[PDB]
Amino acid sequence: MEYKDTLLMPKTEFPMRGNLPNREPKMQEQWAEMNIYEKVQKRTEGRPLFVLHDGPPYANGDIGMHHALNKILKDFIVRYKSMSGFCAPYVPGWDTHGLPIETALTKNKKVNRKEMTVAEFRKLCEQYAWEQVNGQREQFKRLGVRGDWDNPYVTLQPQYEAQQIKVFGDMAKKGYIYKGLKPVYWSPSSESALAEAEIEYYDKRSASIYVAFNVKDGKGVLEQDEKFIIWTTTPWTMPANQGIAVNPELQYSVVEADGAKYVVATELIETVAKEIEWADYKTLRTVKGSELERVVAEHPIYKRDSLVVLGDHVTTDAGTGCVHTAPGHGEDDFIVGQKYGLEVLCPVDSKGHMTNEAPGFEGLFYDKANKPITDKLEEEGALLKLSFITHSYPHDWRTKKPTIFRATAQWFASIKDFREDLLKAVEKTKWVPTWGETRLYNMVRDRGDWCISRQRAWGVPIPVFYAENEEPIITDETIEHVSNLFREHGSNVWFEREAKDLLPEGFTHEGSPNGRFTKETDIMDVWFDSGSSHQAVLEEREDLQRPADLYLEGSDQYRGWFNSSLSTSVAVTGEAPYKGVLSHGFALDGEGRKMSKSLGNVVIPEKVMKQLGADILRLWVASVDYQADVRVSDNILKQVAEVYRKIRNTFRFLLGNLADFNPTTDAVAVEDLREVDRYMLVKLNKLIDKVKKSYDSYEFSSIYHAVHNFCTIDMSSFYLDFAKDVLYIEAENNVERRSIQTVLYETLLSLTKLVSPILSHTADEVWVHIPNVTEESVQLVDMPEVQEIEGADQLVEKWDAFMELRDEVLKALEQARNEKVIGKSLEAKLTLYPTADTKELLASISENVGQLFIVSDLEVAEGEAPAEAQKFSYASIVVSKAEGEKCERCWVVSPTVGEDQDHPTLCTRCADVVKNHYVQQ
Ligand SMILES: CC[C@H](C)[C@H](N)C(=O)NS(=O)(=O)NC[C@H]1O[C@@H](n2cnc3c(N)ncnc32)[C@H](O)[C@@H]1O
Ligand SMILES: CC[C@H](C)[C@H](N)C(=O)NS(=O)(=O)NC[C@H]1O[C@@H](n2cnc3c(N)ncnc32)[C@H](O)[C@@H]1O
Ligand SMILES: [Cl-]
Ligand SMILES: [Cl-]
Ligand SMILES: [Cl-]
Ligand SMILES: [Cl-]
Ligand SMILES: [Li+]
Ligand SMILES: [Li+]
Ligand code: NA
Ligand code: NA
Ligand code: NA
Ligand code: NA
Ligand SMILES: [Zn+2]
């Protein structure tokens, strides 16, 4: 009414309280209308490419917090590269085959794969897959991610399957593919073989056994009264035992008597005494381990032959220097078994039940047969001690049930034949974090061959044919024929055609004179499907190239996508499929616990997406060290939401005070700016350089705190706090108010372009309220390039000290606020007694110290009388009342109020502004 004369914050087109959940979906609607991803791609069509290949997430179900972090971090890098001189094509993917889909249907939808045909079950997997890829893609958009969502890649597409066969064919012609009977992971629950990437370790209770092996033919070294000692945590492997292993040269064994003479390593006398609980024991003689070679023993239950063999695998750390050798259930047992030509026995079927090869335990599940085996051992008297231990045990990654080693005929990729080239690729790759290099390097030098065949249906079949010779037929013509056939009809054709209909039209092989061929039924590892992405996406698609610039996935992908993609590429190309790798940790509860439904700590993305929004989650991603494990909770997200409030209010302050500003020609020159404003320009450019550098180094935690510090204390509390009472009161064409606005305009333009990769819904919302809009969205302009400011270093030293001094003045004002008598910074006059250094800085102030300290008046004298007021380490201060007339417009207590006849209640400053007008109004 009468007490106010406008001069407030006009531009409220950007609301204060951020209702992003109801506003962001509309923001994404316009993004889809304009096809912004195609626009930015077209704008940079000639710029150099930065390819961030997207790791294909599984379609097992809805998205989680971990799914968001992987996509959001990818979105940060792609958006920055788009507006920094690079062309950034990002095509999303989805891994569609393998157990993660079959187990989802079996458990969630209660469908039995054995109650329907193989073709029918595959069709249901295909239907459930496209349901999940549609649901996941919409959820990713809600978070806010830019990519080729309408043209993604999936592993079920015929082009992907066709190219995957080529990858197998290229490695096969190199000789890197072979088939053999070897012990490998077997999951009885899934009735299929597995690999380390498909193995999850959990603690499991197992029965420790110390058992006796009678001596039959000591070869002049041992008498029949001696007995071997064997330690085993797998009783079910005893029926398959074909030998005993002991170290030939390093370890020497001795005979110990406790009423009977036993054979054990000398270094394990005390350890085996406390385990079997021996009372009194004595050592008879010593024997070098190599002397015990070819000694024949007897099976405790079947009294069959068991041959003592030499091996480097037997260790002192075991419970006994003698380890029972079962070539059909162990890797090291198989190697020494083949050296001595020992028979391979696997009395366990695919479902985990003992077969006729174990006479007394046929039909029993291997874990259910442990007790009967021990009972028979004690009946035979060969059992010495029975104990129980808990240790980490391999489990199926989907059924969560334990796995066992089984010696079966499987397809393998000969890693050993090109392991050296794999190690070279790791050394030549840039790994962030740095330990990722050693993580994969050790995984390569210690890895065996890769078992690729899986006894399941939903996946890409192995393209191998067998003649009447039963010889595997792998050749370029067959691979070419099946690859093109898969490109036309898909992998489904292999499961619906005879063997002769999948081969070339006139193919004949020497092994089958009658032309009767047969095909293979096993399928490929789902990690091979994801590992073939570089050939099927980076190479086939024109929008991408190989090698990609960056691979950004989780820590579990070192054994997964990182390993498989490198394995396939180096086998074919010899080089890495990526120039660099970035790794993120695991999402965790606020207390550090794993996010699982059992703990009730699950943070659903859609839950936060509707309670808080998208950019709040985007801020949280940049607020954590993604390179390690990251903690998330509702309270933590609320803290990030509070940060967005500060960013919201500071942005609104910039927009509000820039309403009556048009920098088309009202731009104050750099020299014409106030020295206070020039320092803020240097700080803005320093912030620009730090953010762009941190984007190159992917350190988003630095960016998150830098912007928060740049606004909470530097801008809102220091620079905007002063201009909160100065900008509008003065003239609308005053150089001071225009110079301050030019700083605010440049910060608004630069900061909006800076935050564009991290926050985009709020960035474009602010970009709407921009006086100069030459591009539709902030994502269409490049990042602000840093510009040097003359005399920056001198001003930085001067004004940082001035910023330091102001905070001490404010603390003195807050000390007056503690008194609360004046209770106002502007209504307070000041009498300052400064240090010579402080006085020198005040002398260097060519601006108005009173308006900077938002005080009515300031006087400086060397009074040096502390009294009882205050003294900062650089000045003595007196906060005094002015006692003049308070201006009704600027609220400054000034003696000049009443000097103007037309406006007797206004000071000279306000009276002049009200009376005069520049050109208008
Ligand atoms: C699938 C069955 C569960 C694991 C069940 N809770 C269970 O068996 N629990 S346990 O504590 O008995 N597991 C001990 C492990 O050792 C085997 N075992 C148990 N009792 C004996 C025994 N007397 N002699 C030999 N082996 C034995 C079990 O099979 C299990 O692997
Ligand atoms: C590149 C993806 C792999 C080829 C595989 N399909 C896969 O892991 N698919 S996923 O859907 O399970 N996960 C996709 C991404 O999320 C990471 N991830 C999976 N689980 C977690 C977790 N608990 N915490 C943090 N990150 C996790 C994966 O490493 C991958 O980057
Ligand atoms: Cl099943
Ligand atoms: Cl063992
Ligand atoms: Cl047919
Ligand atoms: Cl067939
Ligand atoms: Li025990
Ligand atoms: Li709060
Ligand atoms: Na059924
Ligand atoms: Na099969
Ligand atoms: Na077969
Ligand atoms: Na995984
Ligand atoms: Zn006034």
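Residues numbered from 1 in each chain as written, not as in the entry; some residues may be left out. Chains lettered and ligands numbered in written order. Heavy atoms only, no water.

Method of structure determination, per the deposited record: X-ray crystallography was used for this entry, reaching 3.10 Å resolution.

The PDB entry annotates the chain as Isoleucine--tRNA ligase of Priestia megaterium. Within the UniProt record for the chain, the comment given under Subcellular location (unreviewed entry) is "Cytoplasm". (UniProt positions renumbered as here; feature names shortened; annotations may be inferred.)

Looking now at the overall build of the chain. Within the chain, the regular secondary structure consists of 28 helices and 33 strands. If you line up the chain on its principal axes, its C-alpha atoms span 125 × 75 × 45 Å. Out of the 921 residues belonging to the chain, those deemed buried represent 55%. When contacts within the chain are restricted to residue pairs at least 6 apart in sequence, long-range pairs at least 24 apart make up 77% of them. Accessible surface, the chain as shown: approximately 41,700 Å² in total, 47% of it carbon and sulfur. (Helix = DSSP H or I, 4+ residues; strand = E, 2+ residues; numbered from the N terminus. Buried < 20%, exposed > 50% of the residue type's maximum accessible area, 1.4 Å probe, protein only. Contact = heavy atoms within 4.5 Å. Areas by Shrake-Rupley, 256 points an atom, 1.4 Å probe, with all protein chains shown as cover.)

Here we come to the sheet that holds strand β20 (residues 465–466). With antiparallel pairing, three strands are arranged side by side in an open sheet as β21-β20-β22. Edge positions in the open sheet fall to β21 (472–473) and β22 (518–519), since each of these has one partner strand only. (Pairing = 2+ DSSP bridges.)

Turning next to the domain arrangement of the chain. For the chain, the assigned domains read domain 1 (8–34 + 597–790), domain 2 (46–173 + 418–448 + 527–584), domain 3 (201–395) and domain 4 (809–882). The straight-line distance from the C-alpha centre of domain 1 to that of domain 3 is 70 Å. (Domains from an automatic or database assignment.)

This part takes up the environment of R631. Within the fold, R631 resides in strand β27 (residues 630–632). Separated by 38 residues in the primary sequence, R631 and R593 have C-alpha atoms spaced 8.6 Å apart. For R631, the contacting residues outside a window of four places in its chain are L588, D589, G590, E591, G592, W620 and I636. Reaching out from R631, the side chain makes a polar contact with the backbone oxygen of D589 at a distance of 3.2 Å. (Polar contact = N/O pair within 3.5 Å; in protein donor to acceptor, adjacent residues only side chain to side chain.)

Core analysis: the largest hydrophobic core is formed by 132 residues, its most contacted members being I77, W620, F700 and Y719. Once you skip the residues sitting within four places of it in the chain, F700 turns out to touch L73, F76, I77, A622, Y626 and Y695. In terms of nonpolar packing, the next biggest core, distinct from the first, is built from 59 residues, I462, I473, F517 and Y558 among them. (Core = buried A, V, L, I, M, F, W, Y, C linked by side-chain atoms within 4.5 Å.)

Attention now moves to helix α25 (residues 792–819). Since one α-helical turn is 3.6 residues long, residues separated by three or four positions face the same way. Between its first and last C-alpha atoms α25 spans 40 Å; for 28 residues at 1.5 Å apiece the expected length is 40 Å, and the two agree. At the exit of α25 stands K820, carrying a positive phi of roughly 60 degrees. (Expected span 1.5 Å × (residues − 1).)

A separate point is the sheet that holds strand β1 (residues 52–53). The sheet built from four strands is open, its strands ordered β1-β24-β25-β17 with parallel pairing. Bordering the open sheet on either side are β1 and β17 (430–432), each of which pairs with just one other strand. The sheet contact formed by strand β24 (residues 550–554) and strand β25 (residues 580–584) spans four bridges and is parallel. When the bridges of β25 are listed, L552 appears paired with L582.

Right, let's get into the site of ligand 2. Around ligand 2, 16 residues are found, and the nearest of them are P56, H67, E553, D556 and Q557. Here a nitrogen atom of ligand 2 and a backbone polar atom of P56 are 2.8 Å apart. The contact in question runs from a nitrogen atom of ligand 2 to an N or O atom on the backbone of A587, over 3.4 Å. Here ligand 2 has 600 Å² of accessible area as a free molecule, and 87% of this is covered by the chains. Looking at the shell around ligand 2, the elements with two or more residues in it are α3 (65–82) and β24. By residue number, the principal contributor to the shell around ligand 2 is α3, which donates three residues. Class assignment of the residues belonging to the shell around ligand 2 gives a composition of six nonpolar, eight polar and two charged. (Near = heavy atom within 4 Å. Nonpolar A, V, L, I, M, F, W, Y, C, P; charged D, E, K, R; others polar.)

Let us look at the side chain of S565. Mapped onto the fold, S565 is located in helix α16 (residues 561–572). Of the polar contacts made by the side chain of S565, one reaches the backbone oxygen of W561; its length is 2.8 Å. With residues up to four places along the chain from it excluded, the contact list for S565 reads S530, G531, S533, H534, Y551 and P577.

Side chains of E788, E790, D793, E797 and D800 sit close together on the surface and give a patch of like negative charge. Residue position: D800 is located in helix α25. (Patch = residues over 30% accessible without salt bridge, like charges linked within 9 Å, V, L, I, M, F, W, Y side chains within 5 Å. Salt bridge = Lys/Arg side-chain N within 4 Å of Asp/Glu carboxyl O. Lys, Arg positive; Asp, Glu negative; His and termini not counted. Charge placed at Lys NZ, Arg CZ, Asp CG, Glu CD.)

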